[PDB]
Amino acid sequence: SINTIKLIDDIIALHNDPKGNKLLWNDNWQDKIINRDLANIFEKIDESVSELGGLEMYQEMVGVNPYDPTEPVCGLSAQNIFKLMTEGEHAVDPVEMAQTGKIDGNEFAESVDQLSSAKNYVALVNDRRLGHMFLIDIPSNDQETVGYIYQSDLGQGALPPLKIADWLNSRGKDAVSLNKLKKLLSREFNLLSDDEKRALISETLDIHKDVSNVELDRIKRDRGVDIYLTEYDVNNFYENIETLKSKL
């Protein structure tokens, strides 16, 4: 019924549009993403630029052209795609929910094993070992229940720089077994050999599944993983995307 591969390609399209980009990657976490107003977002940019004496002067003082598209860092992309998936009539504030609805990587592993295949779920993952935030989409399925990872990465941790559209264009469409994700996010991850750690991380999170792209010395060994796992309605995910496209 809903074409889910097209959902992702439509996120990519929205990101590629000069005005769609500003709708999608805005940082208003408290209000519904579909409550975002292009005129209002651009007026705020225009006023900030006029206040500093125009674009040339703004760029001199700030070092960025605020009309350029945003290449979102990991938390900016993950939290925005999460709102796209989870909001219906009511807003979802992912900053707030990550703190109040948090479960740990081992609680996640117990949860995922009893999710209804008749329902869709999404996990907002703050991996404090990696310093990296990403999403695991676990959509309803009449076959094997699997996850799909949506992420971007500034590249300052254990992984290389990764642009949201490059990831989504293909790897974001790759199913990951629930067992691999449980293994990745469990405390027992630490007990793995360096080789196995690089294999698991690269397989799930690296654009080319390349072990030589994983720098283990950038990982904070002791830390755990904070997860907010919630049900979502794919009809909301679809319509929220439609809504943004319409705004254009």
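Numbering starts at 1 and follows the sequence shown.
When the two stretches 173 to 181 and 131 to 139 are set side by side, the higher mean Cα temperature factor goes to 173 to 181. Taking the PDB entry as given, 112 to 120 carries the higher mean Cα B factor of the two stretches 112 to 120 and 92 to 100. Per the deposited record, 191 carries the highest C-alpha B-factor of all listed residues (62, 205, 191, 45). Of the candidates 27, 195, 56, 68, the PDB record gives 195 the highest C-alpha temperature factor.
Sorting the modelled residues of the chain by their CA temperature factor places residue 231 in the middle third. Remark: residue 16 belongs to the highest third of its chain, ranked by C-alpha B-factor as recorded. Per the PDB record, residue ranking by Cα B-factor puts residue 49 in the lowest third of the chain.
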